[PDB]
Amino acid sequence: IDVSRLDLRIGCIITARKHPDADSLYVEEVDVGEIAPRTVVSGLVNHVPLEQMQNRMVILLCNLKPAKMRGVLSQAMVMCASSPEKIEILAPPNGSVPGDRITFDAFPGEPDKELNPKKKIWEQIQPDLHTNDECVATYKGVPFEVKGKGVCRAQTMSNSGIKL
């Protein structure tokens, strides 16, 4: 089981607001290159000011089974570097386009249509997901890259885990 099972894509947060029925969460509408934006619910209120959530490029895990979070069905998850004392949104390289896929020549494969909730194979992948010494996001040391644009990275969190 390697990273090829995950469907990682670039997205642009079109709109972001406090979740109407869960003030500790944000609800974002994200353009991920599909016909319609995906609704995403993120617990980033205590880590990123709302102003900095607007029109922001991010990396999303797109094949997790959608789940509700207070009457709000979350359809993807924003990839972040994290620790018990901080969370940082991973930044795609300049010029990334919604829908761009993060793939690895070292780990060839097509992502699952939907990660089976039962089994949770992402728990087996997460341990090898971390930013390196230079804050670049990696899977087993191989950088998250957008073909022809560059690598994805956290702002200050080095050697930090990336949760799924």
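Throughout, we count residues from 1 along the sequence that is shown.
Undergrad: Highest mean C-alpha temperature factor of the two stretches 21-29 and 5-13, which is it?
TA: 21-29 has the higher mean C-alpha B-factor.
Undergrad: Which has the higher mean CA temperature factor in the PDB entry, 130-138 or 92-100?
TA: Taking the mean C-alpha B-factor of 92-100 and of 130-138, the larger value falls to 130-138.
Undergrad: Maximum C-alpha temperature factor per the entry, among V41, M57, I125, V45, belongs to which one?
TA: That would be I125, according to the entry.
Undergrad: Sorting the chain's CA B-factors, does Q75 end up in the lowest, middle or highest third?
TA: Lowest third.
Undergrad: Please rank the C-alpha B-factors of the chain's modelled residues and tell me whether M69 sits in the lowest, middle or highest third.
TA: Top third by C-alpha B-factor.
Undergrad: So where's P49 on the chain's Cα temperature factor ranking, which third?
TA: Its C-alpha B-factor belongs to the middle third of this chain's values.
Undergrad: If you rank the chain by CA B-factor, which third does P111 end up in: lowest, middle or highest?
TA: Ranked within chain, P111 CA B lands in the lowest tercile.
Undergrad: Grab the CA temperature factor for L61 from the record and place it in the lowest, middle or highest third of its chain.
TA: Tercile = lowest for this residue's CA B-factor.
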